[PDB]
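Participant: Can you keep this structure in mind? I'll have questions shortly.
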Amino acid sequence: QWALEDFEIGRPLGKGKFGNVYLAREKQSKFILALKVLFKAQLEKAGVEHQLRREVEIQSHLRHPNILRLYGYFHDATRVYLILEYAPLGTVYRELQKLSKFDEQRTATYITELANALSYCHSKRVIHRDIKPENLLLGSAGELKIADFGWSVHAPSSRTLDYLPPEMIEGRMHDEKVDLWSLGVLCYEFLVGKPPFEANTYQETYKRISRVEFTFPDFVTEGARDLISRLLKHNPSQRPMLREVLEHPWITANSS
Ligand SMILES: O=C(Nc1cccc(Nc2nccc(Nc3cccc(C(F)(F)F)c3)n2)c1)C1CC1
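Going left to right, the sequence shown walks through residues 127 to 285, 292 to 388 as the deposited numbering numbers them.
Structure below.
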């Protein structure tokens, strides 16, 4: 039975959705971890307790080198506390704005690691549906880790905009092919420095996503163009399997 008294709190890592994440050390063992603090009142108001419950259930039970481990949880009067694996090298989000854009080797490596992780998730009937750079963390060896499971629905079939597929914004039926779409958007954003449907406006981004209207800058190689164009199909059925993505020649040539 964990309590706040069991941990020494350190620097704030991030300022989060429903509260900050802190660096923490467990007192007995000196184990370094991340403490995600969520405010109950704000969870009530947003009405996302189910998604939190699913998140907790999913992340505690899944075991993958490219998925951030969840060790446990506890609460008090005002807060819920998530006890998380600490990822030393931060978010791919910060990494992206620091480097501006990624080279093909770094990108294909990240895509490989994500595809492996999502392939595992999909085999356990878990669909992420909230994949984006700020939910992607880097471990001590720079290995990509899915940070959490977001505030999405995770069932095999269900019904910023930048990372959501056309079937999800149009209120249509959506499945595991959502994560393939997200993989296409990430691959584009990694190479270009911005997501393919980015706009100054929500209403415009919505239009871009629905029309699937994006263009490549000249420096995007044909192998990269081929994978991305395969992933960003309007019709989910047309999107490749994660298995095909892992075998794609551009991935093979460039991934570590
Ligand atoms: O800042 C550094 N590293 C760093 C920044 C931010 C986060 C981490 N690690 C980490 N490990 C486990 C979990 C998290 N979670 C987390 C990190 C950042 C933001 C949020 C959000 F937005 F959900 F609150 C959650 N972060 C590590 C240091 C320069 C390299």
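Yeah, the Cβ is synthetic: ideal placement off N, Cα and C, and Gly gets one too.
Mind checking residue 286: buried by the 16 CB within 10 Å criterion, or exposed?
Facilitator: Within the chain, residue numbering steps from 285 directly to 292, and residue 286 belongs to the interval with no atoms modelled.
Participant: Could you check which residue in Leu149, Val310, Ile383, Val218 has the C-alpha nearest to that of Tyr295?
Facilitator: To locate residue 295, count along the sequence shown from 1; it is residue 163. When each option's Cα is compared against that of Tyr295, the closest is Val310.
Participant: Does the region 178-194 come close enough to the region 241-258 that 3 or more CB-CB pairs lie under 8 Å?
Facilitator: The region 241-258, when compared against the region 178-194, does touch it at the 8 Å Cβ threshold.
Participant: Between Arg304 and the rest of its own chain, which residues show a CB-CB distance below 7 Å, the 5 nearest in sequence each way excluded?
Facilitator: Here residue 304 refers to the residue found at position 172 when the sequence shown is read from its first residue. Contacts found: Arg285.
Participant: Confirm the yes/no value for this check: CB of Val163, any heavy atom of ligand 1, distance under 7 Å.
Facilitator: Locating residue 163 in the sequence shown gives position 37, where the first residue counts as 1. Result no, Cβ not under 7 Å from ligand 1.
Participant: I'd like to know whether the C-beta atoms of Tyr212 and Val206 end up nearer to each other than 8 Å.
Facilitator: Numbered from its first residue, the sequence shown carries residue 212 at position 86. Numbered from its first residue, the sequence shown carries residue 206 at position 80. In this structure, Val206 does not lie closer than 8 Å to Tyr212 by Cβ.
Participant: Mapping the DSSP letters down to three states, classify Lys162 as helix, strand or coil.
Facilitator: Start at 1 with the first residue of the sequence shown, and residue 162 comes out as number 36. Strand, per DSSP.
Participant: Nearest by alpha-carbon distance to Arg220: which of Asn367, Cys319, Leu159, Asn261 is it?
Facilitator: The residue you call residue 220 lines up with position 94 of the sequence shown. Among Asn367, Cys319, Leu159, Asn261, the Cα nearest to that of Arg220 belongs to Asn261.
Participant: Under the assumption that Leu196 contacts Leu208 (Cβ atoms under 8 Å), give the Cβ distance between them as a whole number of angstroms.
Facilitator: Along the sequence shown, read from residue 1 onward, the residue named residue 196 stands at position 70. Along the sequence shown, read from residue 1 onward, the residue named residue 208 stands at position 82. Contact flag correct, Cβ pair sits at about 6 Å.
Participant: Ends of the alpha helix (DSSP H) at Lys156?
Facilitator: Locating residue 156 in the sequence shown gives position 30, counting from the first residue. Looking at the DSSP string, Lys156 is not in any alpha helix (DSSP H), and its letter there is neither H nor E.
Participant: Where do the ends of the beta strand (DSSP E) carrying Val252 lie?
Facilitator: Taking the first residue of the sequence shown as position 1, residue 252 is located at position 126. Where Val252 is concerned, there is no enclosing beta strand (DSSP E), given that its DSSP letter is neither H nor E.
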